[PDB]
Structure formats: structure tokens, C-alpha cells
file model31.pdb (PDB, N, CA and C atoms and all ligand atoms)
ATOM      1  N   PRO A   1     196.349 -67.050 -18.865  1.00  0.00           N
ATOM      2  CA  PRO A   1     195.183 -66.742 -17.980  1.00  0.00           C
ATOM      3  C   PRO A   1     194.322 -67.995 -17.804  1.00  0.00           C
ATOM      4  N   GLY A   2     193.406 -67.973 -16.873  1.00  0.00           N
ATOM      5  CA  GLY A   2     192.535 -69.162 -16.656  1.00  0.00           C
ATOM      6  C   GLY A   2     191.297 -69.058 -17.558  1.00  0.00           C
ATOM      7  N   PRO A   3     191.038 -70.102 -18.308  1.00  0.00           N
ATOM      8  CA  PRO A   3     189.885 -70.148 -19.227  1.00  0.00           C
ATOM      9  C   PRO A   3     188.595 -70.418 -18.428  1.00  0.00           C
ATOM     10  N   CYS A   4     187.746 -71.309 -18.870  1.00  0.00           N
ATOM     11  CA  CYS A   4     186.494 -71.574 -18.103  1.00  0.00           C
ATOM     12  C   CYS A   4     186.555 -72.960 -17.455  1.00  0.00           C
ATOM     13  N   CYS A   5     186.695 -73.983 -18.251  1.00  0.00           N
ATOM     14  CA  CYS A   5     186.719 -75.364 -17.709  1.00  0.00           C
ATOM     15  C   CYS A   5     188.128 -75.781 -17.300  1.00  0.00           C
ATOM     16  N   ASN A   6     188.723 -75.068 -16.393  1.00  0.00           N
ATOM     17  CA  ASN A   6     190.062 -75.476 -15.904  1.00  0.00           C
ATOM     18  C   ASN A   6     189.797 -76.423 -14.740  1.00  0.00           C
ATOM     19  N   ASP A   7     188.634 -76.285 -14.160  1.00  0.00           N
ATOM     20  CA  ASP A   7     188.212 -77.155 -13.041  1.00  0.00           C
ATOM     21  C   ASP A   7     186.685 -77.072 -12.942  1.00  0.00           C
ATOM     22  N   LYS A   8     186.018 -76.737 -14.028  1.00  0.00           N
ATOM     23  CA  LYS A   8     184.531 -76.621 -13.974  1.00  0.00           C
ATOM     24  C   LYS A   8     183.906 -76.710 -15.374  1.00  0.00           C
ATOM     25  N   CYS A   9     183.071 -77.683 -15.622  1.00  0.00           N
ATOM     26  CA  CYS A   9     182.396 -77.707 -16.943  1.00  0.00           C
ATOM     27  C   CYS A   9     181.176 -76.813 -16.784  1.00  0.00           C
ATOM     28  N   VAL A  10     181.234 -75.647 -17.337  1.00  0.00           N
ATOM     29  CA  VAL A  10     180.118 -74.676 -17.180  1.00  0.00           C
ATOM     30  C   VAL A  10     179.389 -74.494 -18.493  1.00  0.00           C
ATOM     31  N   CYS A  11     179.350 -75.498 -19.309  1.00  0.00           N
ATOM     32  CA  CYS A  11     178.655 -75.337 -20.588  1.00  0.00           C
ATOM     33  C   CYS A  11     177.185 -75.657 -20.381  1.00  0.00           C
ATOM     34  N   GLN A  12     176.914 -76.608 -19.535  1.00  0.00           N
ATOM     35  CA  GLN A  12     175.505 -76.988 -19.269  1.00  0.00           C
ATOM     36  C   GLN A  12     174.691 -75.750 -18.935  1.00  0.00           C
ATOM     37  N   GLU A  13     175.340 -74.714 -18.518  1.00  0.00           N
ATOM     38  CA  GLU A  13     174.598 -73.471 -18.181  1.00  0.00           C
ATOM     39  C   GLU A  13     175.198 -72.294 -18.957  1.00  0.00           C
ATOM     40  N   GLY A  14     176.008 -71.500 -18.317  1.00  0.00           N
ATOM     41  CA  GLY A  14     176.630 -70.338 -19.013  1.00  0.00           C
ATOM     42  C   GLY A  14     177.847 -69.887 -18.213  1.00  0.00           C
ATOM     43  N   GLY A  15     178.498 -70.806 -17.560  1.00  0.00           N
ATOM     44  CA  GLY A  15     179.681 -70.439 -16.733  1.00  0.00           C
ATOM     45  C   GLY A  15     180.968 -70.526 -17.561  1.00  0.00           C
ATOM     46  N   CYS A  16     180.909 -71.102 -18.733  1.00  0.00           N
ATOM     47  CA  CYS A  16     182.120 -71.242 -19.553  1.00  0.00           C
ATOM     48  C   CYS A  16     182.746 -69.871 -19.828  1.00  0.00           C
ATOM     49  N   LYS A  17     183.651 -69.815 -20.769  1.00  0.00           N
ATOM     50  CA  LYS A  17     184.319 -68.523 -21.104  1.00  0.00           C
ATOM     51  C   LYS A  17     184.766 -68.544 -22.571  1.00  0.00           C
ATOM     52  N   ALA A  18     185.589 -67.607 -22.968  1.00  0.00           N
ATOM     53  CA  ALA A  18     186.057 -67.569 -24.386  1.00  0.00           C
ATOM     54  C   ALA A  18     187.342 -68.392 -24.532  1.00  0.00           C
ATOM     55  N   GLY A  19     187.433 -69.492 -23.839  1.00  0.00           N
ATOM     56  CA  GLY A  19     188.650 -70.348 -23.935  1.00  0.00           C
ATOM     57  C   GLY A  19     188.297 -71.745 -23.435  1.00  0.00           C
ATOM     58  N   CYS A  20     187.372 -72.391 -24.084  1.00  0.00           N
ATOM     59  CA  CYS A  20     186.948 -73.742 -23.635  1.00  0.00           C
ATOM     60  C   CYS A  20     187.964 -74.810 -24.040  1.00  0.00           C
ATOM     61  N   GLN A  21     188.888 -75.127 -23.174  1.00  0.00           N
ATOM     62  CA  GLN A  21     189.863 -76.188 -23.485  1.00  0.00           C
ATOM     63  C   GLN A  21     189.151 -77.517 -23.211  1.00  0.00           C
ATOM     64  N   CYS A  22     188.288 -77.505 -22.232  1.00  0.00           N
ATOM     65  CA  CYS A  22     187.499 -78.711 -21.874  1.00  0.00           C
ATOM     66  C   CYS A  22     186.676 -79.145 -23.094  1.00  0.00           C
ATOM     67  N   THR A  23     186.874 -80.340 -23.575  1.00  0.00           N
ATOM     68  CA  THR A  23     186.079 -80.801 -24.750  1.00  0.00           C
ATOM     69  C   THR A  23     184.858 -81.581 -24.251  1.00  0.00           C
ATOM     70  N   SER A  24     184.637 -81.575 -22.965  1.00  0.00           N
ATOM     71  CA  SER A  24     183.484 -82.317 -22.386  1.00  0.00           C
ATOM     72  C   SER A  24     182.157 -81.649 -22.762  1.00  0.00           C
ATOM     73  N   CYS A  25     182.163 -80.406 -23.177  1.00  0.00           N
ATOM     74  CA  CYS A  25     180.916 -79.773 -23.561  1.00  0.00           C
ATOM     75  C   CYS A  25     180.867 -79.768 -25.083  1.00  0.00           C
ATOM     76  N   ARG A  26     180.142 -78.871 -25.587  1.00  0.00           N
ATOM     77  CA  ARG A  26     179.990 -78.682 -27.057  1.00  0.00           C
ATOM     78  C   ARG A  26     180.113 -77.189 -27.263  1.00  0.00           C
ATOM     79  N   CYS A  27     181.181 -76.667 -26.752  1.00  0.00           N
ATOM     80  CA  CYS A  27     181.410 -75.210 -26.763  1.00  0.00           C
ATOM     81  C   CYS A  27     181.385 -74.711 -28.201  1.00  0.00           C
ATOM     82  N   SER A  28     182.426 -74.993 -28.930  1.00  0.00           N
ATOM     83  CA  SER A  28     182.489 -74.544 -30.350  1.00  0.00           C
ATOM     84  C   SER A  28     181.820 -75.589 -31.246  1.00  0.00           C
TER      85      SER A  28
HETATM   86 CD    CD B 101     183.236 -77.748 -20.456  1.00  0.00          CD
HETATM   87 CD    CD B 102     184.271 -74.310 -21.009  1.00  0.00          CD
HETATM   88 CD    CD B 103     181.769 -74.971 -22.936  1.00  0.00          CD
END

call {"tool": "encode", "arguments": {"input": "model31.pdb", "output": "C-alpha cells", "more": "lines below"}}
Ligand SMILES: [Cd+2]
Ligand SMILES: [Cd+2]
Ligand SMILES: [Cd+2]
result
Amino acid sequence: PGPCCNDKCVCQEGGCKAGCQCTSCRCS
């Protein structure tokens, strides 16, 4: 399935999801 940052870093706000592969944020 598609996680959150597959084409969008949404950590700066709340667009991410329960599958942050993007390490550009500070999800976990
Ligand atoms: Cd991100
Ligand atoms: Cd994310
Ligand atoms: Cd995130």
C-alpha cells in the first residue's frame, strides 16, 4: 500500500501516515 511520504513530506504538519519511509522528517 502507499505510505505517507511516497511523494510528499507531510511531517511538518500532519499529512504523514503510519508508514514513514521518508527519513526527511523526524517521524519515529
Ligand atoms: Cd517525511
Ligand atoms: Cd511520512
Ligand atoms: Cd513523518

call {"tool": "resolve_selection", "arguments": {"input": "model31.pdb", "expression": "the PyMOL selection byres (((chain A and resi 17) around 6.5) and not hetatm)", "output": "PDB file with N, CA and C atoms, keeping the file's coordinate frame"}}
result
ATOM      1  N   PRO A   3     191.038 -70.102 -18.308  1.00  0.00           N
ATOM      2  CA  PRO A   3     189.885 -70.148 -19.227  1.00  0.00           C
ATOM      3  C   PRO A   3     188.595 -70.418 -18.428  1.00  0.00           C
ATOM      4  N   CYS A   4     187.746 -71.309 -18.870  1.00  0.00           N
ATOM      5  CA  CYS A   4     186.494 -71.574 -18.103  1.00  0.00           C
ATOM      6  C   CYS A   4     186.555 -72.960 -17.455  1.00  0.00           C
ATOM      7  N   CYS A   5     186.695 -73.983 -18.251  1.00  0.00           N
ATOM      8  CA  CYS A   5     186.719 -75.364 -17.709  1.00  0.00           C
ATOM      9  C   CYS A   5     188.128 -75.781 -17.300  1.00  0.00           C
ATOM     10  N   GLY A  14     176.008 -71.500 -18.317  1.00  0.00           N
ATOM     11  CA  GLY A  14     176.630 -70.338 -19.013  1.00  0.00           C
ATOM     12  C   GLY A  14     177.847 -69.887 -18.213  1.00  0.00           C
ATOM     13  N   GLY A  15     178.498 -70.806 -17.560  1.00  0.00           N
ATOM     14  CA  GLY A  15     179.681 -70.439 -16.733  1.00  0.00           C
ATOM     15  C   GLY A  15     180.968 -70.526 -17.561  1.00  0.00           C
ATOM     16  N   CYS A  16     180.909 -71.102 -18.733  1.00  0.00           N
ATOM     17  CA  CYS A  16     182.120 -71.242 -19.553  1.00  0.00           C
ATOM     18  C   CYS A  16     182.746 -69.871 -19.828  1.00  0.00           C
ATOM     19  N   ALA A  18     185.589 -67.607 -22.968  1.00  0.00           N
ATOM     20  CA  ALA A  18     186.057 -67.569 -24.386  1.00  0.00           C
ATOM     21  C   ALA A  18     187.342 -68.392 -24.532  1.00  0.00           C
ATOM     22  N   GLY A  19     187.433 -69.492 -23.839  1.00  0.00           N
ATOM     23  CA  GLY A  19     188.650 -70.348 -23.935  1.00  0.00           C
ATOM     24  C   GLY A  19     188.297 -71.745 -23.435  1.00  0.00           C
ATOM     25  N   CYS A  20     187.372 -72.391 -24.084  1.00  0.00           N
ATOM     26  CA  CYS A  20     186.948 -73.742 -23.635  1.00  0.00           C
ATOM     27  C   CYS A  20     187.964 -74.810 -24.040  1.00  0.00           C
TER      28      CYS A  20
END

call {"tool": "residues_around", "arguments": {"input": "model31.pdb", "residues": "residue 26 of chain A", "least_positions_apart": "3", "cutoff": "10 Å", "atoms": "only C-alpha atoms", "output": "number ranges by chain"}}
result
A: 11-12, 20, 22-23

call {"tool": "atom_distance", "arguments": {"input": "model31.pdb", "atom1": "atom CA of residue 25 of chain A", "atom2": "atom N of residue 2 of chain A"}}
result
18.4 Å
